[PDB]
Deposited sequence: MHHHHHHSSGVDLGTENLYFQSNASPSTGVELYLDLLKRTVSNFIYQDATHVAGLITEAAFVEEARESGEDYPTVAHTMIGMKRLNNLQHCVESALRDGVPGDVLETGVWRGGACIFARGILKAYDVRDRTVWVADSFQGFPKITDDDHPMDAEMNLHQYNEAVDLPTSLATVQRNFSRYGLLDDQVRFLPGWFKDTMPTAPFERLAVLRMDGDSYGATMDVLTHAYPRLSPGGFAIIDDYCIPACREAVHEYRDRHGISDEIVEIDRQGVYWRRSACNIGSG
């Protein structure tokens, strides 16, 4: 039960982004998934895991707004929320960020197909990489070109893992790269794993 300013801000932000207030919503992903996203960013911040937050696959922007908000709550000035998608138009998503006072230089957009946008994206490192989308191709493109920038201790979150195509992209990528970090359930559809450094 929230009591600090921070907790109250973040609790309200979850309620807001998911339109719990006015039963349109900026994300439909639900509390468990928003909570997980919070846990992952907070753990990265807390354990000093370096890097930005990258979200691929975007509805109206609620989960990314929430991520910028978390960083704002802890007054983090040196990390960026990358928002990657085809484009639910880009203008709409910017407007939405703007509505929460969270459209600023620490939010950057990557319009285009992921095979095009990912190899060159100016981020050097990621602390959290979150994929939303049930397509094998999108999932594999993001893994192939962005996961290698995910810091040890960082999180990879797969929103639509229960969908076989998505799952398969995830297993194939992991098996190809020898990755056996524990897959942890978030809810009926999503999972994540925390990246371990290579052995020594």
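What the model leaves out of the deposited chain are the segments 1-24, 48-74, 139-167, 281-283.
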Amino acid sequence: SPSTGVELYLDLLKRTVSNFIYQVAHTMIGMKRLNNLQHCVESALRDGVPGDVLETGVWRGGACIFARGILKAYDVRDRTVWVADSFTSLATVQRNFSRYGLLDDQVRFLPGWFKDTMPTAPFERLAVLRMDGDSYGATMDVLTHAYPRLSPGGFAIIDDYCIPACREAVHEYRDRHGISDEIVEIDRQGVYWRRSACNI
From here on, numbers count along this sequence of modelled residues.
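Whichever C-alpha set is largest while still superposing within 1.5 Å between the two forms counts as the rigid core.
Stretch comparison, 24-32 versus 44-52: after rigid core superposition, larger RMS CA deviation in 5 other deposited structures of this protein is found for 24-32. When the other structures are laid on the shown form by the core, the C-alphas of 132-140 and 61-69 differ in how far they drift in 5 other deposited structures of this protein; the larger average drift belongs to 132-140. For the pair 123-131 and 88-96, the mean B factor over Cα atoms is greater in 88-96. Comparing the deposited coordinates for 24-32 and 41-49, the stretch with the larger average C-alpha B-factor is 24-32. Residue 163 sits in the middle third of its chain by CA B factor, as recorded in the PDB entry. Per the PDB record, residue ranking by Cα B-factor puts residue 107 in the middle third of the chain. Annotation for residue 142: C-alpha temperature factor in the lowest third relative to the rest of the modelled chain, per the entry. In this PDB entry, the Cα temperature factor of residue 155 sits in the bottom third of its chain's modelled residues, the lowest group.
Residue-level temperature factors show residue 18 in the highest third of its chain, judged at the C-alpha atom.
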